[PDB]
Number of protein chains: 2
Amino acid sequence: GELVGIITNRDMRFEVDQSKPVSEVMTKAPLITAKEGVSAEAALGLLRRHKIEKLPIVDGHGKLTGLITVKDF
Amino acid sequence: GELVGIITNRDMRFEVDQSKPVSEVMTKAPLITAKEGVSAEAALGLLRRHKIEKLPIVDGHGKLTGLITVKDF
Ligand SMILES: Nc1ncnc2c1ncn2[C@@H]1O[C@H](COP(=O)(O)OP(=O)(O)OP(=O)(O)O)[C@@H](O)[C@H]1O
Ligand SMILES: Nc1ncnc2c1ncn2[C@@H]1O[C@H](COP(=O)(O)OP(=O)(O)OP(=O)(O)O)[C@@H](O)[C@H]1O
Ligand SMILES: [Mg+2]
Ligand SMILES: [Mg+2]
Ligand SMILES: [Mg+2]
């Protein structure tokens with residue numbers, strides 16, 4: 001139940017073998033994340049700062065509780 | 001005439017003020033580049049390794065000569 005990574009379109013867009021596991025392709029932890037109760041402006045600022053489009057949202061124990069994307073904005 | 005940076009869609013996609021200069025928004029050098037005469041395989045390997053969609057090509061003296069993009073592939 002621990003957030004171990006994140007796998008997006010850039011990771012899979014050139015992989016010819018579609019039978020590979022996620023572990024070989026994913027971006028492993030640590031990640032750029034935000035805590036629970038993050039506002040829209042804070043998430044947008046983080047995304048603009050780190051030049052990313054996704055933002056996992058974790059609790060105080062480091063467990064995954066939410067996800068934010070640029071698609072929302 | 002020096003290759004001082006690169007500016008892409010991620011840099012500009014949340015800049016409300018369109019009158020800003022390029023320098024205030026661009027990604028400054030050094031950049032992930034390749035040498036002249038780089039094959040398609042090497043360029044694709046660089047793009048996959050660094051998770052980027054562009055690749056400037058400079059000469060032996062560091063002056064910009066060309067560009068490679070994922071659009072080509
Ligand atoms: N929060 C994050 N922390 C760390 N790495 C991340 C994070 N979000 C995305 N990445 C990684 O950054 C790279 C690209 O990020 P992003 O998710 O914006 O790409 P994408 O949505 O696949 O892009 P495109 O839509 O242009 O194909 C990928 O390798 C992805 O795994
Ligand atoms: N060769 C490079 N070296 C270093 N940084 C780069 C290079 N090419 C692009 N970047 C930077 O990486 C970020 C995203 O790279 P990329 O050029 O793939 O984005 P993009 O094509 O705008 O993405 P999207 O498809 O999500 O709109 C931007 O901040 C951009 O300035
Ligand atoms: Mg995207
Ligand atoms: Mg995109
Ligand atoms: Mg893209």
Side-chain angles (χ1 to χ4, degrees), chain A residues 2-58 64-73, chain B:
Chain A
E2 177 211 9
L3 177 59
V4 303
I6 187 171
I7 179 173
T8 69
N9 268 348
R10 287 202 182 185
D11 309 354
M12 307 181 303
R13 83 169 303 176
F14 293 123
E15 306 290 69
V16 184
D17 288 332
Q18 300 300 129
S19 50
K20 283 186 180 176
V22 172
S23 51
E24 304 186 12
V25 188
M26 67 178 182
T27 289
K28 302 178 181 180
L31 316 174
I32 306 295
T33 55
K35 292 300 178 60
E36 275 192 343
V38 55
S39 62
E41 290 77 1
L44 183 61
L46 280 181
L47 296 180
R48 293 183 59 177
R49 173 183 315 166
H50 295 89
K51 306 298 185 179
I52 52 177
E53 287 177 354
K54 297 184 180 49
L55 198 59
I57 318 174
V58 293
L64 177 66
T65 66
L67 179 65
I68 286 187
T69 322
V70 73
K71 180 185 179 184
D72 306 0
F73 307 93
Chain B
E2 183 198 7
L3 174 60
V4 299
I6 193 174
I7 178 172
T8 73
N9 276 344
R10 290 205 179 189
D11 306 334
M12 300 183 294
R13 80 167 307 177
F14 287 118
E15 289 294 334
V16 177
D17 189 18
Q18 299 306 312
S19 57
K20 287 191 171 185
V22 178
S23 55
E24 197 177 355
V25 202
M26 73 183 184
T27 290
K28 296 169 180 51
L31 310 166
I32 305 296
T33 57
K35 299 176 175 59
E36 282 200 14
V38 49
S39 62
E41 210 70 38
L44 189 59
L46 281 178
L47 295 180
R48 287 200 282 192
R49 186 205 316 174
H50 291 87
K51 265 81 182 64
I52 51 175
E53 289 180 354
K54 295 175 186 51
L55 192 64
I57 294 184
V58 304
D59 51 3
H61 296 289
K63 185 185 179 178
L64 174 66
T65 58
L67 188 64
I68 307 294
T69 315
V70 67
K71 179 185 180 186
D72 304 358
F73 304 90

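In what follows, every chain begins at residue 1, and chains take the letters A, B, ... in the order their sequences are listed. Just follow the structure's listing: the first ligand is 1, and inside any ligand the first atom is 1.
Protein N/O/S atoms found under 2.8 Å from the Mg ion (ligand 3), listed by chain and residue number: A:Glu53 OE1, A:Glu53 OE2.
Protein heavy atoms are absent from the 4.0 Å sphere centred on atom 12 (O) of ligand 2.
Applying the 4.0 Å criterion to heavy atoms of B:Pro56 picks out, from ligand 2, the atoms 1 (N). Below 4.0 Å from some heavy atom of A:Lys51 lie the following atoms of ligand 2, by number and element: 29 (O).
Note on residues 1-12 of chain B: pairs passing salt bridge (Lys or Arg N to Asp or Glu O under 4.0 Å), not counting sequence neighbours, are A:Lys51-B:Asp11, A:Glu53-B:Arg10.
Of the protein's heavy atoms, B:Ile52 CD1, 3.8 Å lies nearest to atom 2 (C) of ligand 2. Here the protein heavy atom with the shortest distance to atom 31 (O) of ligand 2 is B:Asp11 OD2, 2.7 Å. The protein heavy atom nearest to atom 4 (C) of ligand 2 is B:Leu31 CD2, 4.0 Å. Nearest non-hydrogen protein atom to atom 5 (N) of ligand 2 is B:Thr27 CG2, 4.0 Å. Protein heavy atom at the shortest distance from atom 3 (N) of ligand 2 is B:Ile32 N, 3.4 Å.
Heavy atoms of B:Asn9 found under 4.0 angstrom from ligand 2 belong to the backbone as well as the side chain. The part of A:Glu53 lying near ligand 2 is the side chain, judged by heavy-atom distances below 4.0 Å. The backbone and the side chain of B:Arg10 each have at least one atom closer than 4.0 Å to an atom of ligand 2 (non-hydrogen atoms only).
To the nearest 0.5 Å, atom CZ of residue A:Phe73 and atom CG of residue A:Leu44 are 5.0 Å apart. In this structure, NZ on A:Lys54 lies 10.5 Å from OG1 on A:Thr27, to the nearest 0.5 angstrom. We find the OG1-CG distance between B:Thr69 and B:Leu47 to be 8.5 Å, quoted to the nearest 0.5 Å. Expressed to the nearest 0.5 Å, how far CG of B:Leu67 lies from CG of B:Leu3 amounts to 9.5 Å. Here B:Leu31 contributes atom CG and B:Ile52 contributes atom CD1; the two are 8.5 Å apart, rounded to the nearest 0.5 Å. To the nearest 0.5 Å, atoms CZ (B:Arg48) and CD (A:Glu15) are separated by 6.5 Å.
Looking at residues two or more places apart in sequence or on another chain, you find a side chain to side chain contact (heavy atoms under 4.5 Å, CB included) between A:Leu46 and A:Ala34, A:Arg49, A:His50, A:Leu55. Here B:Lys35 pairs with nothing under the salt bridge (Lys or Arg N to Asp or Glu O under 4.0 Å) rule; sequence neighbours left out.
Under the 3.5 Å distance criterion, with hydrogens and angles disregarded, a donor-acceptor pair is assigned to the side chains of B:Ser19 and B:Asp17.
Within the 3.5 Å criterion, the main-chain N or O of A:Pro56 finds no donor-acceptor partner in the side chain of A:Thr33. For B:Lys28 (side chain) and B:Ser23 (main-chain N/O), a donor-acceptor pair under 3.5 Å exists by modelled atom type.
The heavy atom nearest to atom 7 (C) of ligand 2, out of those in B:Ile68, B:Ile6, B:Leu47, is found in B:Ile6.
For a threshold of 3.5 Å applied to N or O pairs, the pair formed by B:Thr8 and ligand 2 contains at least one separation below that value.
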